[PDB]
Amino acid sequence: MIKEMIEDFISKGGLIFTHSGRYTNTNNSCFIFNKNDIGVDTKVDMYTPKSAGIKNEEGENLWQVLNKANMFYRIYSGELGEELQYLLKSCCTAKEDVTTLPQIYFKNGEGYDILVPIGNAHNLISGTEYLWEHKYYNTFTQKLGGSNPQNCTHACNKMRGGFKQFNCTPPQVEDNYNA
Amino acid sequence: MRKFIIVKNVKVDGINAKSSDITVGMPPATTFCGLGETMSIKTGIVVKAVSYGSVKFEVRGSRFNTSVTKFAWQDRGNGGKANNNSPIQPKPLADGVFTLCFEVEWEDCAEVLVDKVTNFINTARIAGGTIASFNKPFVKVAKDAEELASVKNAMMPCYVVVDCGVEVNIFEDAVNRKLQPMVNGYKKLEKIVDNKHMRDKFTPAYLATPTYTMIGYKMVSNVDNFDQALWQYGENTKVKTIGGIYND
Amino acid sequence: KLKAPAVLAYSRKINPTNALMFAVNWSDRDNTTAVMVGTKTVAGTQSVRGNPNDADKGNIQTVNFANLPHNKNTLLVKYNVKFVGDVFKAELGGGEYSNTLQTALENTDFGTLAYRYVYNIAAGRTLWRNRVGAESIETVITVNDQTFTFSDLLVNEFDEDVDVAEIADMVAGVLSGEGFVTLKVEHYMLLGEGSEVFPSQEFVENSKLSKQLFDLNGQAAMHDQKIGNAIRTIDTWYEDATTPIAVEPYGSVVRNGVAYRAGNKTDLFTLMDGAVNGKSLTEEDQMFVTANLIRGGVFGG
Amino acid sequence: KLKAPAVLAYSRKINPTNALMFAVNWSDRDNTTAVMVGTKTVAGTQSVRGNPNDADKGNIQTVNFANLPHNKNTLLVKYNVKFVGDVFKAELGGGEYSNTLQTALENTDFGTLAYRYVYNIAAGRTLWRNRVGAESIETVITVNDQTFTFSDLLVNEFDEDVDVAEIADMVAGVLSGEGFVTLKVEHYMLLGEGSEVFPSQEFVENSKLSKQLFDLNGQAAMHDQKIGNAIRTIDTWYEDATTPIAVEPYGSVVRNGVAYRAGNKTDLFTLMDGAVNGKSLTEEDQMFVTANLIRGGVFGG
DNA sequence: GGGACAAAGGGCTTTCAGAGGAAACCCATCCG
């Protein structure tokens, strides 16, 4: 029920990641995995060319299957055995790509460090799902990909409604009065 | 807390409203700290802390679905299909008017600083925007904590950002505490090995992700301690305020 | 072979601002009145190609508008421009390619580029479709406490003028290495009482409105990108198509669907590669490459 | 085959303004006073088809009104009209389709169109239902410092006149490639003391008021698109049904619910597509296409 | 002249996938 989809993923050039820069520019191909951020309710993302895959009999992809009821932590820890544990961990490989990314100088004691900011995959999905049901009507809505959003990520392909962003508009000084 | 310089009613157009993947609006305190560091390195004058207040701000567009800026063909991979409506890669823009306070350590004179600041401001940027106009800078002198209220009140009128800290995380705190998140620093993930495409081959390179903290907006006349409204670089790649967590 | 770097970037050397609109009289241009936007609702028919059996139904739309009041008959558009130097300074990369390009260049004539950039403002091309319907357009330009007034016609076919030279020579000095200069521009027109004005639009996802106009705290304004686009419409240096277009790499007009400077051995990148690899270019080619390098952007692939 | 481009649009070449309503005397038309709107509350019965059980209940409504003062007996409606040229110049797209369409046209006679456009204003069709109940209607047209006075009846059945031709000759020259021309139009009525006037309503959602009228600073006015609709009611060139209608693709009247020029080989898009593909059009078809191009719209898909 | 590699460019393209969803906030002082 789960293994066949794992051979499906490893057959293509798929990758598992928690942070990536593809959320800022579609042409980016930078994928890295963080092990210290894995928890009970940590959402992860995956990338395969054209996001084709094969759906289940009821119809599900890996992004939905692993992020439904926290079977990712149920497998990463090894509660389902050591057969589905090594294969999944084999996909967690870094991939460096800095073309078309921001680069900023930051003060680090005596000297400077150049940094390339990238976005986190867990935060977008977690915030969208948590905030859609709490009625927080002080947010924007952004859609990635465009006319064909199936070539950016797996989360964008399935979450076609659009990710949510905080509206950080500050109060403004009203004129024609004291303040 | 000795010498302060005030520049009020600065008009900037085309500010990059996208500070992170989930924050759209005011630039974080990191942008103003970097502007102060750039002023210090270019001008040769040591700057201690920076304070910013929002006079006006507006994100282009509507209540939701802010805006999209049209793109153009500018890469060397096309020429045949580069004739109709290049892809988007969204990038929001906004327009705002701010007020800035800079802590300066300079005692050579009193009027040279105004000229040297005005020289740098005429050719500077704020989060990628273009400065339209600004008022003449003036310098205030503080000898003790009691007269810090006067230099604080010299910044009227504007809304200053104060730090309140995070309890659990920004998502739960925003719904419950009713505050807005902000970026205060970056966390390093892994070191860059290939140094070919980087803008500098001497500075070490890192992959970083933003760290979020919750802030609040307060009137200048309602600030208890002025040291809570000044930001500066901290430890472990963070930006922190002198007064710590703001408490009423 | 001196292969170009993977990513090459340059800054923008011309900085415009958001234009502001006011309503004044032709003889009382001292006191100004702001122009609001407002919202209206219109009704009509459905005329869409390919749908003939649905043409007997109605159509209700909600739009924005902007027009002068019935007691004012003059539109005033005011803005500022900044010209800065430090050309041939790459923002990302370039240690030998940029120096070779700089050495190959700097022999071009910046006087023509400075004349054309100032003429696009003086003649009145910076203001869009608000131009039509006006019997008199007056331009007031201020720089270094020295004002000039223009009533120049013939926006196309750049011709020799006496007053534009005193600004073109200053801009030429700034372009080939100097500090910064600032020009304050004001435009007066004679559209009439109640005439409709055309501020900038926006591309926004579907909302309660069908056409939303740009504004700044309830006052109609224009985007800085729109102001800057009209300034650099000087590309006259190709084979045909008089009434020139804006200078862009692979110079194309997406509105018209046509792309000049196509794959016929006249591109920005082809000329840039050929200039550093030995043989120099003609006057028109360097004048185009330098003008395009004045415009910012990142080149790579 | 020369298919039409995906994006293709034209701007508007006839620009009217919002009409202003004043109350004056028939022999003292120098001094004018505004016409306010106000609000009233009325009571009536419930007469709705299909509900005879609730026919004995009351009905309280609130509406707006507008009527002349009891000491004035003349209504004055004033506005301005602007005609601009540069026809056959597409705003969006068109490098081969627009040029071929312009080549196929421009052989038509602009004289009839310029005559009818001016006649629809002079005969008094721009002023709507306010016409009824008046025994004397006067029209004053000012252009090029030359005044013209009209008292012509028979709004329909275009006849020959000597004063309409002089203005129509100026309009026709501007239409076939020129700058702009402007007309000042004033209409005088003879309704009588205390008579009711009919300004333009507004499309409003659910609210307290059942009928609110368009007003500018509390003064009654008329929408400019309503004024422009009556100017271009010249489409007499279809098979029957004299007393023509306005020119529109798939020429339809939503008020009557019928749609002329349906899918029976008489469309704007069909004729425009066939004109460039070999066979030309007739005189009436060329005049219809030119008239529909003077009016704006989108043609592509 | 034939074989291999890389780059650039175009075109034959074309492969890939897919319907959620509901609502106007933060906040009152210096100065002539």
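Cut-off values and rules
Residue positions are given from 1 per chain in written sequence order; they need not agree with the entry numbering, and residues without coordinates are hidden. For this description, chains carry letters from A and ligands carry numbers from 1, given in the order in which they are written. This view covers only part of a larger assembly, and the values given relate to that part. Water and hydrogen atoms play no part in the side-chain values, which are based on all heavy atoms of the structure. Residues with missing side-chain atoms are left out of burial classes, side-chain pairs and their counts. For every domain, the bounds stem from an assignment made automatically or drawn from a database. We call two residues in contact when some of their heavy atoms are within 4.5 Å. Strands here mean DSSP runs of E at least two residues long; helices mean DSSP runs of H or I at least four residues long; both are numbered from the N terminus. For this classification, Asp, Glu, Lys and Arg are treated as charged, while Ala, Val, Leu, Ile, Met, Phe, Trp, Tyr, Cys and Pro are nonpolar and the rest, including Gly, are polar. One bridge is not enough; two strands pair if DSSP finds at least two bridges between them. Here an axis means a line fitted to C-alpha atoms, over the contact stretch when the element is a helix, while the angle between two N-to-C directions is reported on a 0 to 180 degree scale. Once two parts are brought into contact, the accessible area they lose, counted with a 1.4 Å probe and summed over both, makes up the buried area. Salt-bridge detection follows one rule: a side-chain nitrogen of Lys or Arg within 4 Å of a carboxyl oxygen of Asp or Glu. Note that a disulfide, as used here, is simply two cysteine sulfur atoms within 2.5 Å. Three exposure classes are used, based on accessible area relative to the maximum for each residue type with a 1.4 Å probe and protein chains only: buried under 20%, partly exposed in between, and exposed over 50%. For each residue, the test is whether any non-hydrogen atom lies within 4 Å of the molecule or strand; if one does, the residue is near. Nitrogen and oxygen atoms within 3.5 Å of one another constitute a polar contact, given that in protein one can donate a hydrogen and the other can accept it, and given that sequence-neighbouring residues count only through two side-chain atoms. Here, nonpolar core refers to any group of buried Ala, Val, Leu, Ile, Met, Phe, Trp, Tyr and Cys residues whose side-chain atoms link them within 4.5 Å.

**Q** Just checking my understanding: could you explain the domain arrangement of chain C for this structure?
**A** Interfaces are frequently sized by the accessible area removed from exposure as the parts join. Residues and elements named next belong to chain C. What the domain assignment lists for chain C is domain 1 (1-11 + 87-109 + 234-301) and domain 2 (12-86 + 110-233). Spacing between the C-alpha centres of domain 1 and domain 2 amounts to 28 Å. Contacts between the two partners involve 24 residues from domain 1 and, on the opposite side, 19 residues from domain 2. For the side of domain 1 that touches domain 2, the element with the highest residue contribution is helix α6 (residues 283-294), accounting for four residues. Here the residues of the side of domain 1 that touches domain 2 are counted per class, giving twelve nonpolar, six polar and six charged.

**Q** Hey, could you run me through the sheet that holds strand β8 (residues 139-142) of chain A in this one?
**A** Think of a sheet as strands paired side by side through backbone hydrogen bonds, with each pair either parallel or antiparallel. Read from one edge of the open sheet, three strands run β8(A)-β9(A)-β2(B), paired in mixed fashion. The open sheet has two edge strands, β8 of chain A together with β2 (23-25) of chain B, and neither has a second partner. Each neighbouring strand pair of the sheet contributes to a mean axis angle of 40°, computed without reference to strand direction. Across the sheet, helix α5 (residues 121-132) of chain A touches β8 and β9 (163-168) of chain A, and the angle it forms with β9 of chain A is around 80°.

**Q** Explain the sheet that holds strand β2 (residues 19-20) of chain A to me, please; I cannot follow it from the model alone.
**A** Residue and element names in this part refer to chain A. Across the sheet, three strands lie side by side as β3-β2-β7; this open sheet has antiparallel pairing. In this open sheet, the two strands that pair with only one neighbour each are β3 (31-32) and β7 (119-120). Bridging between β2 and β7 involves two bridges; their strand directions are antiparallel. Paired with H19 across the two strands is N120, which belongs to β7.

**Q** I keep staring at the interface of chain B and chain A and nothing clicks. Help me out?
**A** At the junction of the two partners, chain B supplies 59 residues and chain A supplies 48 residues. Interface of chain B and chain A: buried area, both sides summed, is about 5100 Å²; carbon and sulfur atoms make up 62% of it. Viewed at the interface, chain A and chain B are joined by one salt bridge. In this structure, the salt-bridge partner of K188 of chain B is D113 of chain A, at a minimum N-O distance of 3.8 Å. At the level of elements, β2, α1 (29-43), β3 (47-59), α4 (170-177), β9 (180-191) and β10 (205-219) of chain B are the ones that each hand at least two residues to the side of chain B that touches chain A. In terms of residue class, the side of chain B that touches chain A is built from 34 nonpolar, 13 polar and twelve charged. When strand β6 (residues 112-117) of chain A meets β10 of chain B, the two strands line up parallel, connected through four bridges. When the bridges of β10 of chain B are listed, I114 of chain A appears paired with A205 of chain B.

**Q** Hey, could you run me through the state of the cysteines in this one?
**A** A disulfide bridge is the covalent bond that connects two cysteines by way of their sulfur atoms. Residue and element names in this part refer to chain B. Under the definition given, this model contains zero disulfides over all chains. Left without a disulfide partner, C33 is nearest to the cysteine sulfur of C101, which lies 13 Å away. Overall, the relative accessible area of 5% leaves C33 in the buried class.

**Q** What exactly am I supposed to notice about the protein's contact with DNA strand E here?
**A** Among the 27 residues in the neighbourhood of DNA strand E, the closest are listed as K55, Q150 and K158 of chain A together with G80 and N153 of chain B. Of all atoms in DNA strand E that approach within 4 Å of the protein, 84% are sugar or phosphate atoms. Within the contact set of DNA strand E, a phosphate oxygen lies 2.8 Å away from a side-chain nitrogen or oxygen of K158 of chain A. Between a phosphate oxygen of DNA strand E and a main-chain N or O atom of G79 of chain B, the distance comes to 3.3 Å. Put simply, the parts of the chain that give the surface near DNA strand E at least two residues each are α6 (154-158) of chain A together with β10 of chain B. Taken together, the residues of the surface near DNA strand E sort by class into eight nonpolar, 13 polar and six charged.

**Q** When you look at the pairing of strand β7 (residues 74-84) of chain C in this model, what are you seeing that I'm missing?
**A** Residues and elements named next belong to chain C. Across the eleven residues that make up β7, a large majority, nine, are buried. Two strands pair when backbone bridges link them, and strand β2 (residues 14-16) and β7 are joined in this way by three bridges, in the antiparallel orientation. Within the sheet, the bridge partner assigned to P16 lies in β7 and is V81. Taken together, the five bridges between strand β3 (residues 19-24) and β7 define a ladder with antiparallel strand orientation. Among the inter-strand pairings, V24 is bridged to a residue of β7, identified as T74. Both β7 and strand β10 (residues 180-188) contribute to a ladder of nine bridges, which runs antiparallel. When the bridges of β10 are listed, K82 appears paired with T182.

**Q** Would you take a moment to explain the nonpolar core for this structure?
**A** Soluble globular proteins tend to pack their nonpolar side chains together in the buried interior. Counting 76 residues, the largest nonpolar core has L75, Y79, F83, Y117, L293 and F299 of chain D as its most contacted members. There are two domains that each give this core at least three residues, and those are domain 1 (1-11 + 87-109 + 234-301) and domain 2 (12-86 + 110-233) of chain D. Counting 73 residues, the second largest nonpolar core, distinct from the first, contains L105, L213, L293 and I294 of chain C.

**Q** Mind showing me how you'd approach the environment of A229 of chain B here?
**A** All names here are of chain B. Secondary-structure assignment places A229 in the loop between β10 and β11 (231-233). Judged by relative accessible area, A229 falls into the buried class, the value being 2%. Remark: the alpha-carbon pair of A229 and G243, spanning 14 residues in sequence, is separated by 7.5 Å. Filtering out sequence-adjacent residues up to four positions away, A229 remains in contact with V50, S51, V160, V161 and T241.

**Q** Help me understand unusual backbone geometry, please; the structure alone is not making it clear to me.
**A** Generally, phi is negative for residues other than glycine and the peptide bonds are trans, each holding for most cases. Note the cis peptide between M156 of chain B and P157 of chain B, where omega equals -10°. Within the secondary structure, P157 of chain B sits in the loop between α3 (148-153) and β8 (159-163). Non-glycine residue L2 of chain C carries a positive phi angle of around 60°. Within the secondary structure layout, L2 of chain C lies in the segment before β1 (7-10). Notably, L154 of chain D is not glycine yet its phi reads approximately 60°, a positive angle. Within the secondary structure, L154 of chain D sits in the loop between β9 (146-150) and α3 (163-175).

**Q** When you look at the pattern of salt bridges in this model, what are you seeing that I'm missing?
**A** Side-chain pairing between opposite charges can occur once the charged atoms of the two side chains come close. For the structure on display, the rule yields 16 salt bridges over all chains. Of the charged contacts in the structure, one is a salt bridge between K68 of chain A and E60 of chain A, with a shortest N-O distance of 2.5 Å. We classify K68 of chain A as exposed; its relative accessible area is 56%. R29 of chain D is the partner of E138 of chain D in a salt bridge, and the nearest nitrogen-oxygen pair spans 2.7 Å. One end of the pair, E138 of chain D, is in strand β8 (residues 138-143); the other, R29 of chain D, is in the loop between β3 (19-24) and β4 (33-34), and 109 residues separate them in sequence. Overall, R29 of chain D belongs to the partly exposed group, its relative accessible area being 28%. The structure contains a network of salt bridges with shared partners spanning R60 and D95 of chain B together with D224 of chain C.

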